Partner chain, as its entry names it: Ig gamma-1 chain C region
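The chain below stands alone and is given in structure tokens; this is the form solved without its partner chain.
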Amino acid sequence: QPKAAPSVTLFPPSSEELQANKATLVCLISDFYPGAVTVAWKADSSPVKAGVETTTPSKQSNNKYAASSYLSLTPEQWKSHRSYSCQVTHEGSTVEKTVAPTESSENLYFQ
């Protein structure tokens, strides 16, 4: 098959994690370069600790390859930071997005 561009998918942990003094975010990468990519993480616009350690991707039933990066860091950084971003080597270009823990103010959690 031809060349495909990687998608942006950020699925952070839940409150249960933050309460456990733990929280690791991971970005899913499907339908991308032929097993050729890079693992990089950064908060919004500013760079992040970058405590990731992933290995080369692999081929799937989609006749293509896929990768994924996971940054293990303190939970406080999640809310403390402004947003998260996943840098990947594709088409000689990098993607950026803004993420957040909360997504509602009109209504919050109760006792």
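Positions refer to the first chain, counted from 1.
Omitted here: the form solved in complex with its partner chain. The next part is about that form.
**OP:** Would you mind picking the one in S72, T38, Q77, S83 that has a heavy atom within 4.5 Å of its partner chain in the entry with it bound?
**Re:** Only one listed residue qualifies here, and that residue is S72.
**OP:** State yes or no: in the entry with it bound, is some non-hydrogen atom of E16 no more than 4.5 angstroms from a non-hydrogen atom of its partner chain?
**Re:** Although its partner chain is absent here, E16 would touch it in the entry with it bound, with heavy atoms inside 4.5 Å.
Original post:
Using heavy atoms and a 4.5 Å limit, would one call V8 a contact residue for its partner chain in the entry with it bound?
Top reply: Yes, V8 lies within 4.5 Å of its partner chain in the entry with it bound.
Original post:
in the entry with it bound, does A67 have a heavy atom within 4.5 Å of its partner chain?
Top reply: Judged by the heavy-atom cut-off of 4.5 Å, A67 is in contact with its partner chain in the entry with it bound.
Original post:
Does its partner chain get within 4.5 angstroms of any non-hydrogen atom of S58 in the entry with it bound?
Top reply: Flag for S58 set to yes.
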